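Heads up, my_file.pdb below (PDB, C-alpha atoms and all ligand atoms):
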```pdb
ATOM      1  CA  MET C   1     -13.619 -15.086   5.107
ATOM      2  CA  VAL C   2     -11.843 -12.049   6.553
ATOM      3  CA  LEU C   3      -8.527 -11.790   8.402
ATOM      4  CA  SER C   4      -8.182  -9.440  11.365
ATOM      5  CA  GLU C   5      -5.537  -6.651  11.308
ATOM      6  CA  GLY C   6      -3.559  -8.660  13.864
ATOM      7  CA  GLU C   7      -3.529 -11.741  11.549
ATOM      8  CA  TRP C   8      -2.401  -9.550   8.625
ATOM      9  CA  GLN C   9       0.422  -8.131  10.775
ATOM     10  CA  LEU C  10       1.713 -11.647  11.505
ATOM     11  CA  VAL C  11       1.653 -12.477   7.765
ATOM     12  CA  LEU C  12       3.417  -9.292   6.671
ATOM     13  CA  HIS C  13       6.046  -9.512   9.474
ATOM     14  CA  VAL C  14       7.334 -12.903   8.275
ATOM     15  CA  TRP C  15       6.883 -11.836   4.627
ATOM     16  CA  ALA C  16       9.264  -8.868   5.279
ATOM     17  CA  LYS C  17      11.915 -11.463   6.176
ATOM     18  CA  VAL C  18      11.179 -13.534   3.003
ATOM     19  CA  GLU C  19      11.694 -10.289   0.992
ATOM     20  CA  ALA C  20      15.304 -10.096   2.172
ATOM     21  CA  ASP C  21      16.022 -13.048  -0.225
ATOM     22  CA  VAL C  22      13.250 -13.441  -2.771
ATOM     23  CA  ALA C  23      15.161 -15.624  -5.191
ATOM     24  CA  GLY C  24      16.435 -18.031  -2.509
ATOM     25  CA  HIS C  25      12.969 -18.514  -1.019
ATOM     26  CA  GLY C  26      11.506 -18.949  -4.556
ATOM     27  CA  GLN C  27      13.993 -21.717  -5.280
ATOM     28  CA  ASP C  28      13.387 -23.506  -1.957
ATOM     29  CA  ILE C  29       9.607 -23.403  -2.412
ATOM     30  CA  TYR C  30       9.580 -24.785  -5.941
ATOM     31  CA  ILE C  31      12.121 -27.494  -5.099
ATOM     32  CA  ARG C  32       9.976 -28.593  -2.101
ATOM     33  CA  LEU C  33       6.892 -28.639  -4.328
ATOM     34  CA  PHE C  34       8.597 -30.725  -7.099
ATOM     35  CA  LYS C  35      10.074 -33.189  -4.634
ATOM     36  CA  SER C  36       6.796 -33.667  -2.723
ATOM     37  CA  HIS C  37       4.419 -33.577  -5.757
ATOM     38  CA  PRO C  38       6.442 -34.495  -8.860
ATOM     39  CA  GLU C  39       3.432 -34.294 -11.190
ATOM     40  CA  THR C  40       3.514 -30.465 -10.843
ATOM     41  CA  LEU C  41       6.849 -30.283 -12.721
ATOM     42  CA  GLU C  42       5.002 -31.470 -15.859
ATOM     43  CA  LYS C  43       3.304 -28.048 -16.211
ATOM     44  CA  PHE C  44       6.621 -26.287 -16.879
ATOM     45  CA  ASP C  45       7.706 -26.799 -20.474
ATOM     46  CA  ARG C  46      10.962 -24.859 -19.930
ATOM     47  CA  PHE C  47      12.315 -27.181 -17.223
ATOM     48  CA  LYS C  48      10.112 -30.304 -17.001
ATOM     49  CA  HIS C  49      13.247 -32.354 -18.054
ATOM     50  CA  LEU C  50      15.097 -31.638 -14.755
ATOM     51  CA  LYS C  51      15.803 -34.884 -13.012
ATOM     52  CA  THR C  52      17.482 -34.099  -9.725
ATOM     53  CA  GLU C  53      17.487 -31.532  -6.945
ATOM     54  CA  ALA C  54      21.029 -30.468  -7.980
ATOM     55  CA  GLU C  55      19.781 -29.704 -11.497
ATOM     56  CA  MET C  56      16.864 -27.761 -10.074
ATOM     57  CA  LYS C  57      19.147 -25.645  -7.866
ATOM     58  CA  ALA C  58      21.373 -24.776 -10.863
ATOM     59  CA  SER C  59      18.490 -23.833 -13.092
ATOM     60  CA  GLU C  60      18.363 -20.133 -13.905
ATOM     61  CA  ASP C  61      14.882 -20.494 -15.389
ATOM     62  CA  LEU C  62      13.505 -22.133 -12.203
ATOM     63  CA  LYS C  63      15.007 -19.305 -10.119
ATOM     64  CA  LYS C  64      13.327 -16.713 -12.358
ATOM     65  CA  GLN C  65       9.926 -18.433 -12.025
ATOM     66  CA  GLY C  66      10.279 -18.494  -8.227
ATOM     67  CA  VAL C  67      10.930 -14.709  -8.208
ATOM     68  CA  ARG C  68       7.918 -13.993 -10.453
ATOM     69  CA  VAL C  69       5.609 -16.116  -8.259
ATOM     70  CA  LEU C  70       6.758 -14.663  -4.939
ATOM     71  CA  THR C  71       6.709 -11.057  -6.249
ATOM     72  CA  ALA C  72       3.108 -11.534  -7.398
ATOM     73  CA  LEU C  73       2.017 -13.249  -4.173
ATOM     74  CA  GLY C  74       3.768 -10.562  -2.075
ATOM     75  CA  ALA C  75       1.740  -7.891  -3.924
ATOM     76  CA  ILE C  76      -1.526  -9.764  -3.236
ATOM     77  CA  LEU C  77      -0.696 -10.222   0.461
ATOM     78  CA  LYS C  78       0.221  -6.513   0.856
ATOM     79  CA  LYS C  79      -3.338  -5.624  -0.272
ATOM     80  CA  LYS C  80      -4.739  -7.325   2.914
ATOM     81  CA  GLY C  81      -7.705  -8.908   1.175
ATOM     82  CA  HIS C  82      -8.447  -6.034  -1.336
ATOM     83  CA  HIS C  83      -6.853  -7.917  -4.215
ATOM     84  CA  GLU C  84      -9.505  -8.154  -6.856
ATOM     85  CA  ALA C  85      -7.541  -6.215  -9.479
ATOM     86  CA  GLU C  86      -4.416  -8.298  -8.890
ATOM     87  CA  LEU C  87      -6.238 -11.603  -9.105
ATOM     88  CA  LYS C  88      -7.991 -11.067 -12.445
ATOM     89  CA  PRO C  89      -5.032 -11.480 -14.791
ATOM     90  CA  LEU C  90      -3.524 -14.255 -12.674
ATOM     91  CA  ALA C  91      -6.780 -16.187 -12.668
ATOM     92  CA  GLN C  92      -7.127 -15.802 -16.418
ATOM     93  CA  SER C  93      -3.642 -17.030 -17.295
ATOM     94  CA  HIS C  94      -3.707 -19.912 -14.755
ATOM     95  CA  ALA C  95      -7.143 -21.122 -15.843
ATOM     96  CA  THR C  96      -6.822 -20.682 -19.629
ATOM     97  CA  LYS C  97      -3.193 -20.855 -20.637
ATOM     98  CA  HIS C  98      -1.314 -22.816 -17.919
ATOM     99  CA  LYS C  99      -4.299 -24.822 -16.648
ATOM    100  CA  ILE C 100      -3.303 -25.040 -13.000
ATOM    101  CA  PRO C 101      -5.851 -26.911 -10.887
ATOM    102  CA  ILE C 102      -6.793 -25.643  -7.441
ATOM    103  CA  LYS C 103      -5.191 -28.783  -5.929
ATOM    104  CA  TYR C 104      -1.746 -27.593  -7.220
ATOM    105  CA  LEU C 105      -2.350 -24.222  -5.522
ATOM    106  CA  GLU C 106      -3.003 -26.209  -2.315
ATOM    107  CA  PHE C 107       0.307 -28.072  -2.863
ATOM    108  CA  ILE C 108       2.362 -24.874  -3.306
ATOM    109  CA  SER C 109       0.617 -23.405  -0.206
ATOM    110  CA  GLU C 110       1.948 -26.404   1.804
ATOM    111  CA  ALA C 111       5.394 -25.818   0.341
ATOM    112  CA  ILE C 112       5.392 -22.111   1.340
ATOM    113  CA  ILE C 113       4.372 -23.071   4.893
ATOM    114  CA  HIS C 114       7.120 -25.707   5.116
ATOM    115  CA  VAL C 115       9.858 -23.338   3.898
ATOM    116  CA  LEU C 116       8.793 -20.476   6.153
ATOM    117  CA  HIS C 117       8.689 -22.884   9.129
ATOM    118  CA  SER C 118      12.195 -24.073   8.318
ATOM    119  CA  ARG C 119      13.809 -20.727   7.595
ATOM    120  CA  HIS C 120      12.015 -18.392  10.070
ATOM    121  CA  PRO C 121      11.104 -20.407  13.210
ATOM    122  CA  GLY C 122      11.213 -17.409  15.499
ATOM    123  CA  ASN C 123       8.778 -15.443  13.320
ATOM    124  CA  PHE C 124       6.647 -18.408  12.308
ATOM    125  CA  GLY C 125       5.248 -19.796  15.560
ATOM    126  CA  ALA C 126       1.727 -21.360  15.690
ATOM    127  CA  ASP C 127      -0.213 -18.086  15.590
ATOM    128  CA  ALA C 128       1.773 -16.778  12.602
ATOM    129  CA  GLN C 129       1.410 -20.100  10.700
ATOM    130  CA  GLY C 130      -2.342 -20.027  11.376
ATOM    131  CA  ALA C 131      -2.537 -16.458   9.965
ATOM    132  CA  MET C 132      -0.457 -17.383   6.875
ATOM    133  CA  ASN C 133      -2.672 -20.450   6.265
ATOM    134  CA  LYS C 134      -5.794 -18.216   6.484
ATOM    135  CA  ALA C 135      -4.253 -15.724   4.004
ATOM    136  CA  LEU C 136      -3.424 -18.542   1.548
ATOM    137  CA  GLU C 137      -6.879 -20.091   1.968
ATOM    138  CA  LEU C 138      -8.441 -16.670   1.172
ATOM    139  CA  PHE C 139      -6.263 -16.396  -1.954
ATOM    140  CA  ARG C 140      -7.249 -19.939  -3.097
ATOM    141  CA  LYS C 141     -10.972 -19.346  -2.392
ATOM    142  CA  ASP C 142     -10.974 -16.101  -4.389
ATOM    143  CA  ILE C 143      -8.984 -17.633  -7.302
ATOM    144  CA  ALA C 144     -11.352 -20.653  -7.340
ATOM    145  CA  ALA C 145     -14.377 -18.317  -7.652
ATOM    146  CA  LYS C 146     -12.658 -16.478 -10.548
ATOM    147  CA  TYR C 147     -11.838 -19.841 -12.221
ATOM    148  CA  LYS C 148     -15.551 -20.681 -12.162
ATOM    149  CA  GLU C 149     -16.498 -17.308 -13.735
ATOM    150  CA  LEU C 150     -13.893 -17.864 -16.450
ATOM    151  CA  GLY C 151     -15.135 -21.324 -17.387
ATOM    152  CA  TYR C 152     -12.546 -23.560 -15.768
ATOM    153  CA  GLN C 153     -13.125 -24.212 -12.053
ATOM    154  CA  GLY C 154     -10.298 -26.848 -11.988
TER     155      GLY C 154
HETATM  156  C1  LIG T   1       1.249 -18.762  -5.164
HETATM  157  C2  LIG T   1       0.632 -19.177  -6.303
HETATM  158  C3  LIG T   1       1.118 -18.670  -7.669
HETATM  159  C4  LIG T   1       1.346 -17.416  -8.128
HETATM  160  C5  LIG T   1       1.174 -16.086  -7.323
HETATM  161  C6  LIG T   1       1.787 -17.502  -9.489
HETATM  162  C7  LIG T   1       2.131 -16.412 -10.264
HETATM  163  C8  LIG T   1       2.581 -16.539 -11.587
HETATM  164  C9  LIG T   1       2.990 -15.414 -12.385
HETATM  165  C10 LIG T   1       2.993 -13.957 -11.919
HETATM  166  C11 LIG T   1       3.337 -15.928 -13.584
HETATM  167  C12 LIG T   1       3.841 -15.114 -14.832
HETATM  168  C13 LIG T   1       2.585 -14.386 -15.435
HETATM  169  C14 LIG T   1       1.465 -15.352 -15.893
HETATM  170  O1  LIG T   1       1.743 -16.225 -16.715
HETATM  171  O2  LIG T   1       0.339 -15.200 -15.338
HETATM  172  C15 LIG T   1       3.163 -17.341 -13.535
HETATM  173  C16 LIG T   1       3.419 -18.196 -14.589
HETATM  174  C17 LIG T   1       3.255 -19.577 -14.488
HETATM  175  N1  LIG T   1       2.795 -20.314 -13.426
HETATM  176 FE1  LIG T   1       2.005 -19.548 -11.716
HETATM  177  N2  LIG T   1       1.814 -18.836  -9.850
HETATM  178  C18 LIG T   1       1.407 -19.562  -8.761
HETATM  179  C19 LIG T   1       1.292 -20.966  -8.706
HETATM  180  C20 LIG T   1       1.608 -21.848  -9.762
HETATM  181  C21 LIG T   1       1.677 -23.285  -9.659
HETATM  182  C22 LIG T   1       1.397 -24.052  -8.328
HETATM  183  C23 LIG T   1       2.002 -23.772 -10.856
HETATM  184  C24 LIG T   1       2.219 -25.194 -11.363
HETATM  185  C25 LIG T   1       2.207 -26.296 -10.589
HETATM  186  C26 LIG T   1       2.152 -22.632 -11.730
HETATM  187  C27 LIG T   1       2.477 -22.752 -13.115
HETATM  188  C28 LIG T   1       2.833 -21.645 -13.845
HETATM  189  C29 LIG T   1       3.320 -21.694 -15.211
HETATM  190  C30 LIG T   1       3.469 -23.037 -15.985
HETATM  191  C31 LIG T   1       3.569 -20.465 -15.608
HETATM  192  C32 LIG T   1       4.132 -20.018 -16.997
HETATM  193  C33 LIG T   1       5.688 -20.177 -16.870
HETATM  194  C34 LIG T   1       6.599 -19.695 -17.965
HETATM  195  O3  LIG T   1       6.536 -18.530 -18.358
HETATM  196  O4  LIG T   1       7.407 -20.530 -18.436
HETATM  197  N3  LIG T   1       1.895 -21.442 -11.044
HETATM  198  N4  LIG T   1       2.671 -17.749 -12.295
END
```

Could you show the structure in this file as structure tokens?
Amino acid sequence: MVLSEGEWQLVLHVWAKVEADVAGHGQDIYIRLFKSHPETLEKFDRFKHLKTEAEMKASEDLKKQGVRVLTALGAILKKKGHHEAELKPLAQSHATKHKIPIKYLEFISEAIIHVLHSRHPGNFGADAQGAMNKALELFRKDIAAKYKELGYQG
């Protein structure tokens, strides 16, 4: 697939607002993911013992993971589809070391959309949500193709 320049502008306009508070958005996204799909917490050996949302909000390690994820995804989105070099190392660690199935990438995509809709309603109307969903679908299609080349395709 291919996004138009106008679709990319809608994605990067709301992403510029996310970048005013990377750690806060990272925390909100991972807490939404763990509350909605609790099985995903099991992939994190450092904080898989957390039992409540209060514990998750106080976790320094969870906050650091949110910042690493959003910094990497922000770099991929700022390439506007020319992200082959960025995806290679991410695909290799997620297929071979962490073993993250494509369905968990779909789950965190839903969590990003929910958080952006809650925090940025004025910059995340229907057209902007549609563009963000297309950008995340492109990212998941390209990572799934790299998973297959690497021997995982999960
Ligand atoms: C937007 C999608 C995602 C991006 C851009 C992303 C990016 C990253 C980055 C940059 C790292 C550190 C470098 C590395 O190990 O490759 C990382 C580590 C990790 N990610 Fe992902 N990630 C994403 C989704 C997920 C999801 C959905 C899960 C699990 C449900 C996950 C599980 C992990 C784990 C377990 C680690 C290692 C954590 C540690 O160091 O303790 N990732 N991710």

What residues come out when you apply the PyMOL selection byres (((chain C and resi 63) around 12) and not hetatm) to this file, written as a PyMOL selection string?
chain C and resi 21-31+46-47+55-62+64-70

Reference answer for the PyMOL selection byres (((not hetatm)) within 6 of (chain T and resi 1)), as an MDAnalysis selection string:
chainID C and resid 40 43:44 46 68:69 72:73 90 93 98 100 104:105 108

Counting all atoms listed in the file, select every polymer residue within 8 Å of (3.8, -13.9, 14.3) as defined in the file's coordinates, and provide the selection as an MDAnalysis selection string.
chainID C and resid 9:11 13:14 123:129

Neighbours of residue 91 (chain C) within 8 Å (all atoms listed in the file; same-chain residues fewer than 5 positions away dropped), as an NGL selection string?
:C and (143 or 146-147)

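CA of residue 2 (chain C) to CA of residue 132 (chain C) spans 12.6 Å [interatomic distance, one decimal].
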
If we count all atoms listed in the file and set the cut-off at 12 Å, which residues sit around residue 88 (chain C), ignoring sequence neighbours fewer than 2 positions away in its own chain? Please answer as JSON, numbers by chain.
{"C": [76, 83, 84, 85, 86, 90, 91, 92, 93, 94, 95, 139, 142, 143, 144, 145, 146, 147, 149, 150]}

Calculate, to one decimal in Å, the centre and edge lengths of the box along x, y and z of the file that holds all listed atoms of region 51-62 of chain C with 3 Å of margin on each side, and present them as AutoDock Vina command-line options.
```
--center_x 17.4 --center_y -27.5 --center_z -11.2 --size_x 13.9 --size_y 20.8 --size_z 14.4
```

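In this comparison, which uses all atoms listed in the file, the residue of C:42, C:74, C:37, C:87 approaching residue 16 (chain C) most closely is C:74.
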
Take CA of residue 75 (chain C) and CA of residue 111 (chain C) and report the distance between them in Å, one decimal.
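Answer for the CA of residue 75 (chain C) to CA of residue 111 (chain C) separation: 18.8 Å.
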
Would you please work out which residue, of C:99, C:32, C:48, C:82, is nearest to residue 154 (chain C) when using all atoms listed in the file?
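Nearest to residue 154 (chain C): C:99.
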
Nearest to residue 136 (chain C) among C:33, C:18, C:102, C:77, with distances taken over only C-alpha atoms: which residue is it?
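So, comparing all the options, the nearest one is C:77.
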
State, in Å with one decimal place, the distance from CA of residue 39 (chain C) to CA of residue 137 (chain C).
21.9 Å
